[PDB]
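Have a look at this one.
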Amino acid sequence: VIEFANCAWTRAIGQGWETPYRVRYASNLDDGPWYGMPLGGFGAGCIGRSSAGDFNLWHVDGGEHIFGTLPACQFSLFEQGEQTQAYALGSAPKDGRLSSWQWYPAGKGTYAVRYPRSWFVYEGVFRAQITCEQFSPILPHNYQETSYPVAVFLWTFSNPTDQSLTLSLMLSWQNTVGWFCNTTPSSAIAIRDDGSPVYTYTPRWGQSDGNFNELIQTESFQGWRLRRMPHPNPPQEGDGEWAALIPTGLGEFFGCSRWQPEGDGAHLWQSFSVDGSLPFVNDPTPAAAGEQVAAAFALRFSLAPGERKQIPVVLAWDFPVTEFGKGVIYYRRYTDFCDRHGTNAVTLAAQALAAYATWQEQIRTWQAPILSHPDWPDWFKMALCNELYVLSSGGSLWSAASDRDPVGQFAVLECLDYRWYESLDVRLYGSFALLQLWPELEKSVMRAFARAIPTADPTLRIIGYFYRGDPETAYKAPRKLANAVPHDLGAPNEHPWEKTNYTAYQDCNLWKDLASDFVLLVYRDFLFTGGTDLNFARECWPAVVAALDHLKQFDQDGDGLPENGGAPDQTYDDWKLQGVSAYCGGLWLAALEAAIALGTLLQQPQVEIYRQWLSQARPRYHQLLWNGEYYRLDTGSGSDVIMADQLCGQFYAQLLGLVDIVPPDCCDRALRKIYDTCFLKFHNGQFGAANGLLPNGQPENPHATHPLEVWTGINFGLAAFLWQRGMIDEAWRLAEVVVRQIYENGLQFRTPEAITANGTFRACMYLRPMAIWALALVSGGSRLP
Ligand SMILES: OC[C@H]1O[C@@H](O)[C@H](O)[C@@H](O)[C@@H]1O
Ligand SMILES: [Ca+2]
């Protein structure tokens, strides 16, 4: 019933972790290990349900994070054969709400995920065989259903006994209309102890005044709908509705539109647990001050010995507005297929009821090349799908179409701790999945970068790295310089896409990697979507020119190579570099090569300038940095550290079909050293490749941050590089280590930037690990959807 369970992440239902990874800094986010698969489309707002059955992640407010169970949001099962049994399929509340309810025994079945499909298989409690498959229609190359705020729960019931069974399936849900908005928007921005800017989120959690629920009963479908009176027009953030529907004709429908989710639940349970019915209630009286309201329905049916029945239950949520900074209003993409009124949940659920079997067939179809691939291990097939989860839960935005953005604009947060979008350094490896599966979204992201590059905001703001607790005294830099390459596309407390370079940790006006990243991403996106989108190319080309001139100014001595200096000036933003670095120098060489290739196609005059620079810079890079076994960190520090990601530029150059930026034998020697040192002499290869070690496997400084962390996404980029250079076995072994760390130690569906050798993590729900797709791309040959 679970298709290809070996290519799925599995855990017994409600089975926890003895010692899961924990956050390395106490100021940062750690909700604990009970993340399950997120439900809902990209930019739809999403909800997540744990492997214990709890609906515990609430991302209905775009870009905002709420973790916590609403126990009344739950499926419950009744069975009568010889005995009678009924259970709610989550954890017993720790506070004694719903005290009359019984909660399904832990460990009596399996939870399985291959995103966007998940299954609960209950076994050992009911006589019947029961599977709930939960999915949303996440569909590569589909810019419609992939945006939808719907979840399908497909239930399969089989009777293996020779005794007839009566079953009832209940869905209850609390009405949270109006909860998911910020009552303190555009709040004072603090500097956290780590130096990141943060704002205050005060949601209207538990504020249900005016909320009301109604039964839905037509010839085609029945269920309930959750609303609020009055519903303004236009809607504000938080305004909308929920609906859940089943088809008619499957059994006997009981509807109770209004019950009390903070009470003991006995009005429901007294019926349900006894015969599988509910008291009939259609009562749309709006909730009083201080009162919570929930709905429920149940479908009762018989199952003859050997019979098998399916019941599609769909859940939709229409919350059309995403407000960022006060007054900054966007509509969600899915409104392009209904409307912007916030009155369409039944329409979306009805669509889901009609199309769910098509959607499921389509998911099977796009996963089939991955699952059948002869040269990929099962653990990899699983991780390739599962790492996609972040496109839904990473505060994802997908706005309504316009003329200049015909499928909408798109953005994933860097993470929850670092609350800004599509960080350019991070997406250099993080964006490979988006490129492969939603190239139109990928291109919209890069166009947003291109539009921002010529913009400026000269306003001085505090730089977190230097902040010492006194605003008046604190070092400040201009928010953005004209033609500098922004770090990110803004934040959910300000203005995504339009107000860029939000992070204040460093002055990214000074970064020596961003410009080269920009160019490489533009050329990659053009190249890998077939080399025919001349519109994209011509739109980005002025920004390519601006970016390369921006970065050239940091070539102080005129050898052709930009020089690192000052505070950390690249993606390793705790790590000071001095002079030409392997890292930035290499990205620059690849970027020049990219601009030359693209500029030649577009017939642009700057190509000759770039060729001149490249002719000086490429030989000089090797001449300054080759030490005999690897490339030195940088020309100025005198460090002997082997930086794992030193030849990122050579990975990219070869990926883009461009000329090698270094001699190919030196590339392979360096790569061999990195593997043998950063990986095999770091705690014996137990965690993956550390970012920087001495040739003897020791830290240069034992008090360092970045050098001694294993970055998931860097590892996956390194694995792709290994594979590309013919070190196939190495590649699989490195990638395998990192996948096992994530999936075994309680980081599933919140993959972090970093793990340590001390069982800690940094920055859960991170953008970079989607770089697993880069390994898929280099190794997939012909396949991939
Ligand atoms: O983990 C390192 C990352 O830290 C984040 O705070 C930054 O925004 C990224 O630019 C950086 O690469
Ligand atoms: Ca908001």
Side-chain angles (χ1 to χ4, degrees), residues 2-4 7-9 35-49 57 59-60 62 112-119 132-154 312 314-317 332-334 336-337 348-349 351-352 354-371 381-398 407-408 410-413 430-442 444-445 748-751 765 767 769-770 772-773 776 784-785:
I2 301 159
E3 293 154 44
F4 302 118
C7 294
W9 179 77
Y35 292 67
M37 196 194 77
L39 289 164
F42 312 162
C46 84
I47 66 193
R49 192 195 188 186
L57 185 139
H59 284 194
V60 173
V113 190
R114 189 182 47 257
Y115 190 79
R117 305 170 81 189
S118 55
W119 299 259
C132 180
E133 183 185 324
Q134 328 178 113
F135 69 91
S136 302
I138 311 300
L139 297 178
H141 305 291
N142 178 323
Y143 305 99
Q144 178 177 341
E145 288 98 319
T146 311
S147 80
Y148 276 14
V150 301
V152 185
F153 307 90
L154 184 61
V314 299
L315 176 65
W317 56 96
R332 289 187 156 122
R333 167 61 170 167
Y334 75 84
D336 282 340
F337 302 102
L348 293 162
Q351 282 181 38
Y356 71 93
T358 311
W359 295 343
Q360 194 193 46
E361 176 169 359
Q362 285 177 95
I363 293 157
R364 296 200 184 104
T365 291
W366 77 251
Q367 292 189 338
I370 301 166
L371 299 170
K381 290 172 176 183
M382 179 282 285
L384 223 39
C385 298
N386 280 344
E387 289 305 313
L388 296 177
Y389 84 92
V390 69
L391 296 176
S392 175
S393 58
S396 60
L397 308 179
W398 192 349
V407 290
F410 188 74
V412 184
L413 291 165
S431 62
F432 271 91
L434 196 67
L435 167 62
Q436 261 149 112
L437 309 175
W438 295 282
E440 298 302 309
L441 300 187
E442 172 56 36
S444 84
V445 171
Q748 74 288 339
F749 308 116
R750 55 158 186 172
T751 310
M765 201 156 303
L767 194 68
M770 277 180 297
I772 192 168
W773 276 80
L784 295 133

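When reading the values below, keep in mind they use all heavy atoms of this one structure, side chains included, and skip hydrogens, waters and symmetry mates. One-based numbering along the sequence shown.
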Derivation of the side chain to side chain contact (heavy atoms under 4.5 Å, CB included) call for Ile47 and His59: CA-CA 6 Å; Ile47 66 193; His59 284 194; over 6 Å; no

Any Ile2 side-chain heavy atom under 4.5 Å of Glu133 side chain: no

Heavy-atom pair with the smallest gap, counting every atom of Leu348 and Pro149: CD1-CG, 4.1 Å

Test log, rule ring-ring contact (aromatic ring centres under 6.0 Å, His included), inputs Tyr334 and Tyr148: CA-CA 5 Å; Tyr334 75 84; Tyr148 276 14; 7.4 Å; no

Minimum-distance pair of heavy atoms, taken over all atoms of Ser393 and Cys46: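 For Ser393 versus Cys46, the nearest heavy atoms are CA-SG, 3.7 Å.
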
Within-4.5 Å side-chain heavy-atom neighbours: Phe410 and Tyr143: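 No, side chains not in contact.
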
Polar side-chain atom of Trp773 near backbone of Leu384 as donor-acceptor pair, under 3.5 Å: yes

Which atom of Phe42 lies closest to which atom of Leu391, heavy atoms considered: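 Answer, listing the atom of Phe42 first, then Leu391: CD2-O, 3.3 Å.
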
Residue pair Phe135 / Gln360, side-chain heavy-atom distance below 4.5 Å: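 Of all side-chain heavy-atom pairs linking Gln360 with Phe135, at least one is under 4.5 Å.
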
Side chain proximity check, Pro369 to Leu784, heavy atoms < 4.5 angstrom: no

Short side-chain to backbone donor-acceptor contact, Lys381 and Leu371, under 3.5 Å: yes

Distance in Å, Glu145 CD paired with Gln362 CD, rounded so as to fall on 0.5 Å steps: 6.5 Å

Test item: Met765 and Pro38 side chains (from C-beta on) under 4.5 Å apart, heavy atoms: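 Sidechains of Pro38 and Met765: no contact.
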
Parallel, tilted or perpendicular: ring planes of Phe749 versus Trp9, cut at 30 and 60 degrees: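 Perpendicular, since the angle between the ring planes exceeds 60°.
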
SG on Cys385 to CD1 on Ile772, rounded to 0.5 Å: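 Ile772 atom CD1 to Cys385 atom SG measures 9.5 Å (nearest 0.5 Å).
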
Side-chain donor/acceptor of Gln436 to backbone N/O of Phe432, under 3.5 Å: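 Looks like yes, one N/O pair under 3.5 Å.
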
By ring pair (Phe, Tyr, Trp, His ring centres under 6.0 Å) - contacts of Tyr115 (at least two apart): none

Spacing of OG belonging to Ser147 relative to CG belonging to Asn142, to within rounding of 0.5 Å: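 Taking OG in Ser147 and CG in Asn142, the distance rounds to 8.5 Å.
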
Any donor-acceptor N/O pair, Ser118 side chain to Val113 backbone, under 3.5 Å: no

Side-chain heavy atoms of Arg364 within contact of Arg117, under 4.5 Å: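 The answer is yes, as the side chains (C-beta and beyond) meet within the 4.5 Å cut-off.
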
Atom pair OG1 (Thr146) and CH2 (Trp359), whose distance is rounded to the nearest 0.5 Å: 10.0 Å

Intermediate values then yes/no, side chain to side chain contact (heavy atoms under 4.5 Å, CB included), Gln134 and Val152: CA-CA 6 Å; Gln134 328 178 113; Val152 185; over 6 Å; no

Approximate separation, where rounding is to 0.5 Å, of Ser444 OG and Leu434 CG: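 It comes to 7.5 Å.
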
Heavy-atom side-chain proximity of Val314 to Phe153 below 4.5 angstrom: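 They are not in contact (no side-chain heavy atoms under 4.5 Å apart), so the answer is no.
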
Side chain to side chain contact (heavy atoms under 4.5 Å, CB included) between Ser136 and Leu39, intermediate numbers included: CA-CA 6 Å; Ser136 302; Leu39 289 164; 4.1 Å; yes

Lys/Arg N to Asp/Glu carboxylate O, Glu3 vs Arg114, below 4.0 Å: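 Salt bridge absent between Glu3 and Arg114.
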
Heavy-atom donor-acceptor pair, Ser396 side chain to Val412 backbone, under 3.5 Å: no

For the student: nearest non-hydrogen atoms of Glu387 and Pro769, plus distance: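 In terms of heavy atoms, the two residues are closest at OE1-CB, 3.6 Å.
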
From CA spacing to verdict: side chain to side chain contact (heavy atoms under 4.5 Å, CB included), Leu437, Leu388: CA-CA 10 Å; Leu437 309 175; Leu388 296 177; 4.0 Å; yes

Nearest heavy-atom neighbours spanning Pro116 and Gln367: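 Heavy-atom minimum between the residues: CD-NE2, 3.6 Å.
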
Whether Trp398 side chain and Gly41 backbone form a donor-acceptor pair below 3.5 Å: no

Side-chain touch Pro137/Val150, heavy atoms, less than 4.5 angstrom: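 Yes; the side chains approach each other to less than 4.5 Å.
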
Nearest-0.5 Å distance that lies between atom CG in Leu139 and atom OG1 in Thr358: 10.5 Å

